[PDB]
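# Opening piece of a complex, kept in its complex position:
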Amino acid sequence: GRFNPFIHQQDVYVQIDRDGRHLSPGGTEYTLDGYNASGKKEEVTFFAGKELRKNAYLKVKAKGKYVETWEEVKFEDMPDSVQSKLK
């Protein structure tokens, strides 16, 4: 294999518009369609340590294709083209 140090961050914006699925112990999985910071369509699978509120907006931060973190955001603070696609 070949490994490089050229780290590409992406942030995928989603709405919690599908049911989660429990993952024992204490996890909730979501697989949702979303948009990155440049408005490109993405699919993201991520886990939270609690069940998230229906219709909340989330930012999921990734390095390469690997998801690292989730964070709740408000609609009005998401990227403009993401707001247009997720409204």
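Nice, thanks for sending it over. Numbering: from 1, shown residues only, chains lettered A, B, ... in the order given.

# okay, now the nearest residue to residue A:69 once chain neighbours are set aside: neighbour count?
Counting by C-beta to C-beta, 6 or more residues apart in numbering, residue A:69 lies nearest to residue A:61, which is 4.7 Å off, once chain neighbours are set aside. Bear in mind the C-beta positions are built from the backbone N, C-alpha and C, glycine included. By the criterion of other C-beta atoms under 10 Å, residue A:61 has 15 neighbours.

# Residue A:6 too?
5.

# go on, residue A:21?
11.

# Which element, helix or strand, includes the residue nearest in space to the middle of chain A?
Centrality entry for chain A: nearest residue to the mean C-alpha point is residue A:60, 3.3 Å, by C-alpha atoms, centre = their mean. In this assignment (DSSP states H and E), residue A:60 forms part of strand A:57-63.

# Would you mind listing the buried residues in that strand?
Going by neighbour count (16 or more other C-beta atoms under 10 Å), the buried part of strand A:57-63 is A:57-60, A:62.

# try stretch A:39-57
Residues of stretch A:39-57 classed as buried by neighbour count (16+ other C-beta under 10 Å): A:42, A:44, A:46, A:48, A:57.

# Same question for stretch A:8-28.
A:10-16, A:20, A:28.

# Here is chain B, add it in:
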Amino acid sequence: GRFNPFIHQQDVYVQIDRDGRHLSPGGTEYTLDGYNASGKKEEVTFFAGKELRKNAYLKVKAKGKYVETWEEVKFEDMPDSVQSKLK
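So, slotting chain B in with the rest:
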């Protein structure tokens, strides 16, 4: 594209057996041919801020296609298969 939290993490072992290429300011590019714990061939590219000592051994943590971090290790702390290929 598709994102998930299921990234292949592995330790890749290298020896500083090529000199680096100086990148200004104060940088060095190393592209070294190493081995994972089960002896499969790997190529790692990373940047340093000081030239590393010749014939030192590094354990590099690889996460997907990315070099995440590295540290110097003693020959004796490497797995038997790595000691075999890098002696």
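
# let's see the neighbour count of residue A:6 again after adding chain B.
9 (other C-beta atoms under 10 Å in any protein chain shown).

# picking up where we left off before, mind checking if the strand holding residue A:60 is in reach of chain B?
Yes: counting by C-beta under 8 Å from any C-beta of the partner chain, chain B has neighbours in strand A:57-63: A:60, A:62-63.

# May I have the strands that pair with that strand, each with its orientation?
Sheet pairing of strand A:57-63 (DSSP bridges) gives strand A:9-15 (antiparallel), strand A:66-73 (antiparallel).

# Return the alpha-carbon coordinates of that strand using PDB.
Extracted as PDB, the C-alpha positions of strand A:57-63 are listed here (Å, rounded to 0.1, in the frame of the first residue of the first chain):
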ATOM      1  CA  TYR A  57     -29.200  19.700  11.500                       C
ATOM      2  CA  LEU A  58     -25.800  18.100  12.000                       C
ATOM      3  CA  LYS A  59     -22.300  18.800  10.700                       C
ATOM      4  CA  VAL A  60     -20.200  15.500  10.400                       C
ATOM      5  CA  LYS A  61     -16.400  16.200  10.100                       C
ATOM      6  CA  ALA A  62     -14.300  13.800   8.000                       C
ATOM      7  CA  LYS A  63     -10.700  13.300   7.100                       C
END
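
# quick one: residue A:81 is in a helix?
Yes: counting by DSSP: H, G, I helix; E, B strand; the rest coil, residue A:81 is found in a helix.
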